[PDB]
Amino acid sequence: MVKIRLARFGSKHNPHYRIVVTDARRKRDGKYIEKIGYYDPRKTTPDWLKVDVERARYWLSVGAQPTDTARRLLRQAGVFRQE
Amino acid sequence: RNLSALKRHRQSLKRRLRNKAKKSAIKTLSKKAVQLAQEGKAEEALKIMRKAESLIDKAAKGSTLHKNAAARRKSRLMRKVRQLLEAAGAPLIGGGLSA
Amino acid sequence: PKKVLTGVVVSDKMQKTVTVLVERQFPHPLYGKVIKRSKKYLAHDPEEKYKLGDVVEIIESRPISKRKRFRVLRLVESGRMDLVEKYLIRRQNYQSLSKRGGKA
Amino acid sequence: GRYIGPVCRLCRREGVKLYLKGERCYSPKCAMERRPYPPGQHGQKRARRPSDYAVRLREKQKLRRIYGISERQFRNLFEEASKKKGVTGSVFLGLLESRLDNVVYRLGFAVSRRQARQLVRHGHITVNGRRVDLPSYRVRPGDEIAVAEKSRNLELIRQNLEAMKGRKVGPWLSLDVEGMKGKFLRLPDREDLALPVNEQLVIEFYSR
RNA sequence: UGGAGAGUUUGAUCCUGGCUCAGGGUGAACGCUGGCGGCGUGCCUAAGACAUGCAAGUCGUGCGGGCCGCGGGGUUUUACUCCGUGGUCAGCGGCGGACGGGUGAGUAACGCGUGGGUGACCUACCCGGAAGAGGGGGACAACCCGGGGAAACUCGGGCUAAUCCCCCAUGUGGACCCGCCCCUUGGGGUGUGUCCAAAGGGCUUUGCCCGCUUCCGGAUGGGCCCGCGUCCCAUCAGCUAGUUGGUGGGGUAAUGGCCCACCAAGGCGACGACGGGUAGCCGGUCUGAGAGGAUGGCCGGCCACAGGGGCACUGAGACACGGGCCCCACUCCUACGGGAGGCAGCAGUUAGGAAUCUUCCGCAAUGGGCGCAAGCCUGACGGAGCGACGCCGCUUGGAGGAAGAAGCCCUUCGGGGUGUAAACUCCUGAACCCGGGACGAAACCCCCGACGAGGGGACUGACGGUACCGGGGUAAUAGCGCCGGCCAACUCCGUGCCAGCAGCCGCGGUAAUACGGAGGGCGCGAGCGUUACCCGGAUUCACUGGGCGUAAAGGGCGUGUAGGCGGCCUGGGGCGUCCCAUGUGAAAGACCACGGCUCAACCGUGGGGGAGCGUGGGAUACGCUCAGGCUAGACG
Ligand SMILES: [K+]
Ligand SMILES: [K+]
Ligand SMILES: [K+]
Ligand SMILES: [K+]
Ligand SMILES: [K+]
Ligand SMILES: [K+]
Ligand SMILES: [K+]
Ligand SMILES: [K+]
Ligand SMILES: [K+]
Ligand SMILES: [K+]
Ligand SMILES: [K+]
Ligand SMILES: [K+]
Ligand SMILES: [K+]
Ligand SMILES: [K+]
Ligand SMILES: [K+]
Ligand SMILES: [K+]
Ligand SMILES: [K+]
Ligand SMILES: [K+]
Ligand SMILES: [K+]
Ligand SMILES: [K+]
Ligand SMILES: [K+]
Ligand SMILES: [K+]
Ligand SMILES: [K+]
Ligand SMILES: [K+]
Ligand SMILES: [K+]
Ligand SMILES: [K+]
Ligand SMILES: [K+]
Ligand SMILES: [K+]
Ligand SMILES: [K+]
Ligand SMILES: [K+]
Ligand SMILES: [Mg+2]
Ligand SMILES: [Mg+2]
Ligand SMILES: [Mg+2]
Ligand SMILES: [Mg+2]
Ligand SMILES: [Mg+2]
Ligand SMILES: [Mg+2]
Ligand SMILES: [Mg+2]
Ligand SMILES: [Mg+2]
Ligand SMILES: [Mg+2]
Ligand SMILES: [Mg+2]
Ligand SMILES: [Mg+2]
Ligand SMILES: [Mg+2]
Ligand SMILES: [Mg+2]
Ligand SMILES: [Mg+2]
Ligand SMILES: [Mg+2]
Ligand SMILES: [Mg+2]
Ligand SMILES: [Mg+2]
Ligand SMILES: [Mg+2]
Ligand SMILES: [Mg+2]
Ligand SMILES: [Mg+2]
Ligand SMILES: [Mg+2]
Ligand SMILES: [Mg+2]
Ligand SMILES: [Mg+2]
Ligand SMILES: [Mg+2]
Ligand SMILES: [Mg+2]
Ligand SMILES: [Mg+2]
Ligand SMILES: [Mg+2]
Ligand SMILES: [Mg+2]
Ligand SMILES: [Mg+2]
Ligand SMILES: [Mg+2]
Ligand SMILES: [Mg+2]
Ligand SMILES: [Mg+2]
Ligand SMILES: [Mg+2]
Ligand SMILES: [Mg+2]
Ligand SMILES: [Mg+2]
Ligand SMILES: [Mg+2]
Ligand SMILES: [Mg+2]
Ligand SMILES: [Mg+2]
Ligand SMILES: [Mg+2]
Ligand SMILES: [Mg+2]
Ligand SMILES: [Mg+2]
Ligand SMILES: [Mg+2]
Ligand SMILES: [Mg+2]
Ligand SMILES: [Mg+2]
Ligand SMILES: [Mg+2]
Ligand SMILES: [Mg+2]
Ligand SMILES: [Mg+2]
Ligand SMILES: [Mg+2]
Ligand SMILES: [Mg+2]
Ligand SMILES: [Mg+2]
Ligand SMILES: [Mg+2]
Ligand SMILES: [Mg+2]
Ligand SMILES: [Mg+2]
Ligand SMILES: [Mg+2]
Ligand SMILES: [Mg+2]
Ligand SMILES: [Mg+2]
Ligand SMILES: [Mg+2]
Ligand SMILES: [Mg+2]
Ligand SMILES: [Mg+2]
Ligand SMILES: [Mg+2]
Ligand SMILES: [Mg+2]
Ligand SMILES: [Mg+2]
Ligand SMILES: [Mg+2]
Ligand SMILES: [Mg+2]
Ligand SMILES: [Mg+2]
Ligand SMILES: [Mg+2]
Ligand SMILES: [Mg+2]
Ligand SMILES: [Mg+2]
Ligand SMILES: [Mg+2]
Ligand SMILES: [Mg+2]
Ligand SMILES: [Mg+2]
Ligand SMILES: [Mg+2]
Ligand SMILES: [Mg+2]
Ligand SMILES: [Mg+2]
Ligand SMILES: [Mg+2]
Ligand SMILES: [Mg+2]
Ligand SMILES: [Mg+2]
Ligand SMILES: [Mg+2]
Ligand SMILES: [Mg+2]
Ligand SMILES: [Mg+2]
Ligand SMILES: [Mg+2]
Ligand SMILES: [Mg+2]
Ligand SMILES: [Mg+2]
Ligand SMILES: [Mg+2]
Ligand SMILES: [Zn+2]
């Protein structure tokens with residue numbers, strides 16, 4: 001199915017993923033359907049994680065299945081917080 | 001020296017025979033129906049047409065015909081039968097043909 | 001949207017089919033000069049309604065046959081063989097440019 | 001590679017005084033002060049009317065040989081200058097002047113540029129606290145270039161910074177002889193620099 | 001925010017004109033030389049042939065067994081037999097094997113690009129909504145028994161489970177025929193008739209989880225169609241019979257000569273058909289002031305192929321690289337009947353070549369398949385290794401040192417040069433040695449909470465004892481091309497149209513700045529040169545931006561077809577043209593800004609653009625078109 005996952009973009013030893021909506025079958029660094037955030041695992045800057053939670057919720061509402069790591073990141077940015 | 005997925009080949013062969021058979025039936029009866037209708041035998045021809053219709057929809061239950069393939073067959077069948085009948089007429093058993 | 005083209009019926013020796021000559025103009029990509037190239041389309045005419053010399057609109061359609069993806073939308077202006085003429089002649093000159101016979 | 005070799009011969013060929021030695025270049029031993037003619041077996045012969053090319057070549061070679069930069073690095077800076085907005089010539093000189101190894105020389109932490117280079121490579125320098133040992137590191141307006149604390153007690157830094165007590169510092173800089181540090185106030189304006197170089201000819205050399 | 005020219009035809013000149021040089025670039029190779037690191041990059045030739053290992057499986061929460069083992073029962077005991085459990089093995093069954101990875105052979109084509117169409121369509125898993133799962137029957141492996149073969153493997157008999165197959169029922173609904181309604185290509189609705197459903201498993205077991213069936217919709221992915229664009233040769237000019245169209249069928253998810261009957265006789269072409277050559281296309285890339293030229297390697301998108309040719313089966317999907325069948329070529333096995341195989345996956349071998357790497361580490365991370373999960377698989381990937389192949393960063397030292405050692409080189413024999421260069425003096429202190437030592441990793445899972453939201457805890461690092469921080473600490477790689485002009489850099493000796501140089505002009509036949517060496521000098525520097533190739537200069541195919549009296553170039557002349565071009569005034573239209581809004585113009589790249597590695601290369605975030613095309617609206621001077629008028633062109 002279509003998914004919400006991480007696409008790798010930094011450089012060797014300098015990883016920077018892009019939280020992305022893509023078909024599950026596409027190569028990971030291939031043509032995605034939409035970018036909905038980004039993530040720097042080494043928090044090299046105060047802004048190491050951004051997520052368009054209004055958009056995340058949209059795809060989640062249409063079947064997009066997040067990776068366990070993508071889900072972890074989306075949660076951190078209050079994607080599932082219903083409080 | 002290889003992949004135990006040779007299994008898919010075994011399965012395919014059974015599935016193949018299973019399909020081939022369901023279809024042979026469909027065709028045979030389909031003709032039978034068209035033939036009876038062509039000969040004016042209404043009650044008789046409709047009677048068989050329903051089996052055909054049923055066998056077709058059934059073939060579509062699984063992956064034999066599935067799709068709009070059944071639809072296509074049922075259609076072409078009921079058309080040829082309804083038309084061949086009308087050339088003598090009188091749809092007796094009013095089998096599958098709607099009023 | 002289904003592309004619509006206007007042209008002249010130059011042939012109708014086919015059943016439920018007419019040949020429409022559609023011209024177009026545009027700036028030569030390197031030389032600017034507005035040049036005028038053209039193309040023929042085999043359009044669907046089920047009623048055999050259109051005759052040689054009619055300027056018709058043609059509309060992108062679902063395939064009717066190979067070499068035939070257009071249907072005559074409507075008649076723009078009736079009879080006017082002056083156009084059919086250019087065509088016929090432009091084709092006739094072809095004889096006079098090969099190795100065989102022809103006309104000047 | 002940064003050259004490494006007889007530096008006074010470079011003054012002799014360019015005919016002008018470059019200070020690739022700091023002291024001694026102010027002393028009657030400067031060679032330029034007693035042999036202003038080109039090096040080699042023909043230095044005393046009659047110079048021939050230079051070619052438009054030669055003139056531009058010699059002029060650029062002078063400016064580059066001043067900062068001890070490689071033709072490679074040198075060329076890349078000029079191209080970067082040419083890209084940026086504003087008079088290329090000045091922007092070029094601003095960039096050349098924003099090189100830490102040069103700034104360390106301007107603040108008198110070192111007698112020469114080639115010495116300030118080594119002071120950087122060997123960590124004796126710092127930029128905003130964190131140390132930097134890249135001669136080419138580019139100082140920006142607002143940064144503070146100081147001496148390494150662990151180095152503040154070096155026979156060489158003692159002399160150099162002592163001699164600074166009294167001397168003035170470029171309008172674009174500002175030394176603090178006590179705390180052994182200074183600041184890069186802003187990119188030097190063409191006027192601030194008084195180099196024996198016609199940057200106009202340089203821009204032309206790379207125009208060919 | 002952007003545009004340099006020079007050498008060479010002559011005794012000299014101006015012009016025409018070719019040739020050549022200076023710049024930038026490359027998946028490079030070759031020569032001399034070669035120290036460190038980061039990032040990137042590396043069979044351009046034989047789509048030649050390939051040893052070996054690995055490269056796609058996974059579910060015991062779908063099912064029944066075999067083998068090995070332990071335990072517990074029924075009996076007075078043995079025997080025989082029942083149950084529980086561990087390991088293992090395949091089998092039946094499911095989902096995946098149509099992705100991911102490779103290559104560029106073929107292809108000049110709806111293949112690709114850009115913009116559209118589908119009332120002519122499909123889409124497994126995922127999401128939302130509605131409804132449902134009553135009863136019955138059966139077979140084939142496994143296993144058991146027997147025959148055949150050298151092997152591969154095969155034939156027969158017998159038993160058996162299921163989420164395997166079938167039958168009846170239920171009909172939310174859906175399909176088909178006919179009719180009616182709306183709508184307009186086969187879209188939506190409605191009525192009668194007919195036809196069509198399902199599967200169970202797990203439990204913390206009576207309430208949840210995983211799953212099943214039918215239908216409507218979403219989402220993603222895809223098929224087919226159309227406009228425009230897409231190299232060279234006209235020393236390729238005619239091409240065509242399924243050919244072009246029609247009616248009726250077949251086929252498909254679906255349109256269509258896609259295929260087939262029958263009827264018609266058409267279709268295409270100088271606006272380049274047909275043929276021949278060459279070639280995957282694109283985002284982009286290199287170059288250029290631009291216009292343009294050249295190009296398509298890495299990365300991303302699409303296509304095609306998987307030893308060569310053809311074919312279908314299975315399936316949501318394939319005509320299927322590690323699936324199947326046949327023919328062909330080749331390699332291997334063969335008890336000669338007959339079998340086995342396909343690295344354009346990773347690594348490696350061999351051949352060819354000027355030339356292109358490790359049979360490495362890991363599954364820790366990102367991504368993928370199966371699984372409720374634990375977890376398994378993953379040569380995808382994340383890393384490391386090799387090669388200055390490229391880019392960036394860095395070192396071989398810093399300061400002081402003689403009106404200036406020696407040696408060497410010139411000399412007017414006075415002296416001049418190598419040169420503050422060296423030796424020395426002091427300072428720092430790459431390498432190296434110690435100590436510490438990382439981010440990348442928090443989820444999955446468990447507990448609480450409701451298996452949610454929320455909260456809490458635990459595990460996990462290939463790279464690697466690497467980066468980096470701290471301490472100690474040696475003064476310690478430099479080469480290559482060039483020096484007649486273009487072109488920056490000059491002298492002695494040697495050689496004597498020789499040996500040789502040479503990019504073009506040319507140089508050497510006794511005093512050569514041009515050959516060879518030396519001293520000196522210019523350039524660049526872990527590089528420097530050379531060869532090859534692309535753009536440039538070359539306004540030298542000239543659209544921007546050229547020419548034809550004598551330099552190359554007017555057709556021997558006319559008549560005239562197509563085509564190109566078209567006087568003055570008014571009106572309609574609004575095709576060209578122009579304007580506005582809007583959609584499209586992926587990401588990467590490019591530009592600007594800020595930011596992360598000490599800098600930079602590299603990388604992240606953000607911003608700004610953009611031609612072209614679609615849609616809606618508008619303008620009407622010019623061009624076009626239609627209608628009317630005129631007489632200055634033309635004709636009479
Ligand atoms: K949805
Ligand atoms: K089946
Ligand atoms: K003809
Ligand atoms: K090879
Ligand atoms: K096609
Ligand atoms: K048995
Ligand atoms: K059996
Ligand atoms: K009904
Ligand atoms: K659906
Ligand atoms: K769709
Ligand atoms: K579509
Ligand atoms: K047909
Ligand atoms: K231009
Ligand atoms: K091109
Ligand atoms: K091209
Ligand atoms: K291009
Ligand atoms: K799962
Ligand atoms: K939780
Ligand atoms: K240290
Ligand atoms: K030394
Ligand atoms: K001699
Ligand atoms: K001579
Ligand atoms: K010489
Ligand atoms: K020489
Ligand atoms: K050229
Ligand atoms: K002539
Ligand atoms: K002639
Ligand atoms: K008008
Ligand atoms: K460009
Ligand atoms: K537009
Ligand atoms: Mg299996
Ligand atoms: Mg039969
Ligand atoms: Mg007709
Ligand atoms: Mg057209
Ligand atoms: Mg500038
Ligand atoms: Mg000449
Ligand atoms: Mg000459
Ligand atoms: Mg010339
Ligand atoms: Mg002459
Ligand atoms: Mg001459
Ligand atoms: Mg230039
Ligand atoms: Mg070597
Ligand atoms: Mg490397
Ligand atoms: Mg190759
Ligand atoms: Mg093998
Ligand atoms: Mg493996
Ligand atoms: Mg098993
Ligand atoms: Mg692929
Ligand atoms: Mg390749
Ligand atoms: Mg190819
Ligand atoms: Mg061809
Ligand atoms: Mg298209
Ligand atoms: Mg559609
Ligand atoms: Mg559902
Ligand atoms: Mg049963
Ligand atoms: Mg046997
Ligand atoms: Mg049996
Ligand atoms: Mg019903
Ligand atoms: Mg209806
Ligand atoms: Mg109905
Ligand atoms: Mg009934
Ligand atoms: Mg039923
Ligand atoms: Mg249960
Ligand atoms: Mg049809
Ligand atoms: Mg059909
Ligand atoms: Mg055909
Ligand atoms: Mg003909
Ligand atoms: Mg090819
Ligand atoms: Mg140009
Ligand atoms: Mg450019
Ligand atoms: Mg360009
Ligand atoms: Mg690519
Ligand atoms: Mg091969
Ligand atoms: Mg499937
Ligand atoms: Mg099928
Ligand atoms: Mg396969
Ligand atoms: Mg294929
Ligand atoms: Mg293979
Ligand atoms: Mg060889
Ligand atoms: Mg993994
Ligand atoms: Mg994973
Ligand atoms: Mg001496
Ligand atoms: Mg010294
Ligand atoms: Mg120290
Ligand atoms: Mg010391
Ligand atoms: Mg794990
Ligand atoms: Mg629990
Ligand atoms: Mg609980
Ligand atoms: Mg939690
Ligand atoms: Mg010179
Ligand atoms: Mg002699
Ligand atoms: Mg000789
Ligand atoms: Mg001589
Ligand atoms: Mg000379
Ligand atoms: Mg020379
Ligand atoms: Mg040109
Ligand atoms: Mg011109
Ligand atoms: Mg000319
Ligand atoms: Mg002439
Ligand atoms: Mg003449
Ligand atoms: Mg004439
Ligand atoms: Mg004419
Ligand atoms: Mg006019
Ligand atoms: Mg005209
Ligand atoms: Mg218009
Ligand atoms: Mg636009
Ligand atoms: Mg873009
Ligand atoms: Mg920075
Ligand atoms: Mg960006
Ligand atoms: Mg525009
Ligand atoms: Mg418009
Ligand atoms: Mg108007
Ligand atoms: Mg008008
Ligand atoms: Mg008129
Ligand atoms: Zn000096």
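Letters A, B, ... mirror the listed sequences (proteins, then strands); counts begin at 1. Every heavy atom of this structure was used, including side-chain atoms; hydrogens, water molecules and symmetry mates were not.
By the side chain to side chain donor-acceptor pair (under 3.5 Å) test, A:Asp23 is found to be paired with A:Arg25, residues two or more places apart in sequence or in another chain being considered. Residues satisfying the side chain to side chain donor-acceptor pair (under 3.5 Å) criterion with D:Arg12, sequence neighbours excluded, are absent altogether. When the side chain to side chain donor-acceptor pair (under 3.5 Å) test is applied to A:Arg71, no partner is found at least two apart in sequence or on another chain. By the side chain to side chain donor-acceptor pair (under 3.5 Å) test, D:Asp143 is found to be paired with D:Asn128, residues two or more places apart in sequence or in another chain being considered.
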Sub-3.5 Å pairs of nitrogen or oxygen atoms, protein against nucleotides 385-387 of chain E:
none

Protein-nucleotides 372-381 of chain E N/O pairs under 3.5 Å:
| unit_1 | atom_1 | unit_2 | atom_2 | d |
| --- | --- | --- | --- | --- |
| E:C381 | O3' | A:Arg28 | NH2 | 2.5 |
| E:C381 | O2' | A:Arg28 | NH2 | 3.2 |

Polar atom pairs (N or O), protein with nucleotides 125-129 of chain E, under 3.5 Å:
| unit_1 | atom_1 | unit_2 | atom_2 | d |
| --- | --- | --- | --- | --- |
| E:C125 | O2 | A:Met1 | N | 2.4 |
| E:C125 | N3 | A:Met1 | N | 3.4 |
| E:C126 | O3' | A:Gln65 | OE1 | 3.3 |
| E:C126 | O2' | A:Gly63 | O | 2.7 |
| E:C126 | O2' | A:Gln65 | OE1 | 2.8 |
| E:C127 | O2' | A:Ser61 | O | 3.2 |

I'd like a table of atom pairs between the protein and nucleotides 301-306 of chain E - only N or O on both sides, under 3.5 Å - with the distance next to each one.
| unit_1 | atom_1 | unit_2 | atom_2 | d |
| --- | --- | --- | --- | --- |
| E:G301 | OP1 | A:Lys31 | N | 3.3 |
| E:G301 | OP2 | A:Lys27 | NZ | 3.0 |
| E:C302 | OP1 | A:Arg26 | NH1 | 3.4 |

Please list, for nucleotides 92-96 of chain E, all pairs of protein and nucleotide N/O atoms separated by less than 3.5 Å.
| unit_1 | atom_1 | unit_2 | atom_2 | d |
| --- | --- | --- | --- | --- |
| E:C92 | OP1 | B:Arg10 | NH1 | 3.0 |
| E:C92 | OP2 | B:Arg10 | NH1 | 2.9 |
| E:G93 | OP2 | B:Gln11 | NE2 | 2.9 |
| E:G93 | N7 | B:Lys7 | NZ | 2.7 |
| E:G93 | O6 | B:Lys7 | NZ | 3.0 |
| E:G94 | OP1 | B:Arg15 | NH2 | 3.2 |
| E:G96 | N7 | B:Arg8 | NH2 | 2.9 |
| E:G96 | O6 | B:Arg8 | NE | 2.9 |

Polar atom pairs (N or O), protein with nucleotides 248-250 of chain E, under 3.5 Å:
| unit_1 | atom_1 | unit_2 | atom_2 | d |
| --- | --- | --- | --- | --- |
| E:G250 | OP1 | B:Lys80 | NZ | 3.1 |
| E:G250 | OP2 | B:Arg76 | NH1 | 2.9 |

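Adjacent in the strand, E:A133 and E:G134 do not form a stacked pair, their six-membered rings missing the 5.5 Å centre or the 30 degree orientation threshold.
Every pair tested for salt bridge (charged side-chain N to carboxylate O under 4.0 Å, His left out) that includes a residue from residues 64-73 of chain C fails, sequence neighbours excluded, so the list is empty.
Ring planes of A:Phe9 and A:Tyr32: perpendicular class, angle over 60° (limits at 30 and 60°).
Across all strands shown, E:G280 is found opposite E:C302 as a Watson-Crick or G-U wobble partner, with both distances under 3.5 Å. Base pairing of E:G546 is not made with any nucleotide, judged by Watson-Crick or G-U wobble geometry with both donor-acceptor distances under 3.5 Å. As the counterpart of E:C70, E:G84 is assigned, both hydrogen-bonding distances of the Watson-Crick or G-U wobble pattern falling under 3.5 Å.
In this structure, A:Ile4 and A:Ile19 have side chains that are in contact, with non-hydrogen atoms separated by less than 4.5 Å.
Taking atom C1' in both E:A488 and E:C39, the straight-line distance is 36 Å, to the nearest Å.
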Base, backbone or nothing for each nucleotide of nucleotides 607-620 of chain E, written B, S, -, heavy atoms under 4.0 angstrom, 5' to 3'? -------SS-----
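Taken together, E:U230 and E:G494 fail the test for a Watson-Crick or G-U wobble pair, since the two needed distances are not both under 3.5 Å. A Watson-Crick or G-U wobble pair links E:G519 to E:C490, both relevant atom distances lying under 3.5 Å.
Residue C:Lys68 is the one, among C:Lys68 and D:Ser136, whose nearest nucleotide of RNA chain E lies closer to the 5' end (criterion: closest heavy atom).
A negative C1'-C2'-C3'-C4' torsion places the sugar of E:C319 in the south, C2'-endo-side range.
Classification of C:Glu23 and C:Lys86 as a salt-bridged pair fails, no side-chain N sitting under 4.0 Å from a carboxylate O.
A sub-4.0 Å separation between OP1 or OP2 of E:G267 and a side-chain N or O of C:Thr19 is present.
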